[PDB]
Structure formats: structure tokens, C-alpha cells
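Participant: Input: one structure, supplied below.
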Amino acid sequence: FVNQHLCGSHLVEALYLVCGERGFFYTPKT
Amino acid sequence: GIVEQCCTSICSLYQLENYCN
């Protein structure tokens, strides 16, 4: 329950969650 | 790819680092 696979929009989430100020660029194709 | 795996396969935190500029 620490590590689950986030699918759909919420995949972007685990990043912005860890991302913070550095932020991320999400890529659905590549 | 790195983004697509997290759903059916697994995401890596250091890859989370990678998604992040």
C-alpha cells in the first residue's frame, strides 16, 4: 500500500507529488 | 516507454526524477 501502479490521469500524479518545484513533463506517447 | 510502464508494469522513483526536468 506504499507502492501501487497509478493509471490514467493519476499516473502524472505520483510525479507532481514527488516532483514539487522541479516539476515534470509527462509523456503519454513516447 | 517510461510513462506507459507505470500502469501495467512498474514506475521507478529515479525515473520520477527523470520525468522531472
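Ligands are numbered from 1 in the order shown, residues from 1 within each chain, and chains are lettered A, B, ... in the order they appear in the C-alpha cells.
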Given only C-alpha atoms, how would the per-residue table for chain A near chain B read, listing every residue at most 8 Å away with its closest atom pair and distance in Å to one decimal, sorted by chain and number, as CSV?
Facilitator:
residue,atom,partner,partner_atom,distance
A:5,CA,B:7,CA,5.3
A:6,CA,B:7,CA,5.7
A:7,CA,B:7,CA,4.7
A:8,CA,B:7,CA,7.8
A:11,CA,B:6,CA,7.2
A:14,CA,B:16,CA,7.9
A:15,CA,B:16,CA,5.7
A:18,CA,B:16,CA,7.3
A:19,CA,B:20,CA,6.2
A:22,CA,B:20,CA,6.1
A:23,CA,B:20,CA,5.2
A:24,CA,B:20,CA,3.7
A:25,CA,B:19,CA,5.7
A:26,CA,B:19,CA,6.6
A:27,CA,B:3,CA,6.0
A:28,CA,B:3,CA,6.3
A:29,CA,B:4,CA,7.8
A:30,CA,B:1,CA,5.9
Participant: So which residues of chain B fall under helix (DSSP H, G or I) by DSSP, listed as a list in words?
Facilitator: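 Of chain B, only residues 2, 3, 4, 5, 6, 7, 8, 13, 14, 15, 16, 17, 18 and 19 of chain B fall in helix (DSSP H, G or I).
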Participant: Keeping only N, CA and C atoms, write those residues as a compact mmCIF listing (two decimals), in the first residue's frame.
Facilitator:
# COMPACT_ATOMS: atom_id res chain seq x y z
N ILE B 2 8.74 4.80 -20.57
CA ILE B 2 8.89 5.05 -19.15
C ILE B 2 7.56 5.46 -18.52
N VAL B 3 6.78 6.24 -19.26
CA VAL B 3 5.48 6.73 -18.79
C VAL B 3 4.43 5.62 -18.82
N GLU B 4 4.44 4.81 -19.88
CA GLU B 4 3.41 3.80 -20.09
C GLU B 4 3.58 2.62 -19.14
N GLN B 5 4.80 2.35 -18.68
CA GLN B 5 5.02 1.15 -17.89
C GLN B 5 4.31 1.25 -16.54
N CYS B 6 4.34 2.43 -15.91
CA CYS B 6 3.83 2.57 -14.55
C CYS B 6 2.45 1.95 -14.41
N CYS B 7 1.64 1.90 -15.47
CA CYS B 7 0.28 1.43 -15.26
C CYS B 7 0.25 -0.09 -15.10
N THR B 8 0.55 -0.82 -16.18
CA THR B 8 0.52 -2.32 -16.18
C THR B 8 1.82 -2.88 -15.60
N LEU B 13 11.16 5.65 -9.11
CA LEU B 13 11.33 6.94 -8.46
C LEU B 13 12.44 7.75 -9.13
N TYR B 14 13.58 7.12 -9.35
CA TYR B 14 14.66 7.76 -10.10
C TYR B 14 14.22 8.07 -11.53
N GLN B 15 13.21 7.34 -11.97
CA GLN B 15 12.61 7.67 -13.28
C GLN B 15 11.68 8.85 -13.01
N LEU B 16 11.01 8.86 -11.85
CA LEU B 16 10.22 10.03 -11.47
C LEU B 16 11.06 11.30 -11.48
N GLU B 17 12.27 11.16 -10.95
CA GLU B 17 13.35 12.12 -11.11
C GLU B 17 13.58 12.45 -12.58
N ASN B 18 13.47 11.44 -13.43
CA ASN B 18 13.75 11.61 -14.85
C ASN B 18 12.65 12.38 -15.57
N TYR B 19 11.41 12.16 -15.14
CA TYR B 19 10.27 12.86 -15.73
C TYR B 19 10.35 14.33 -15.39
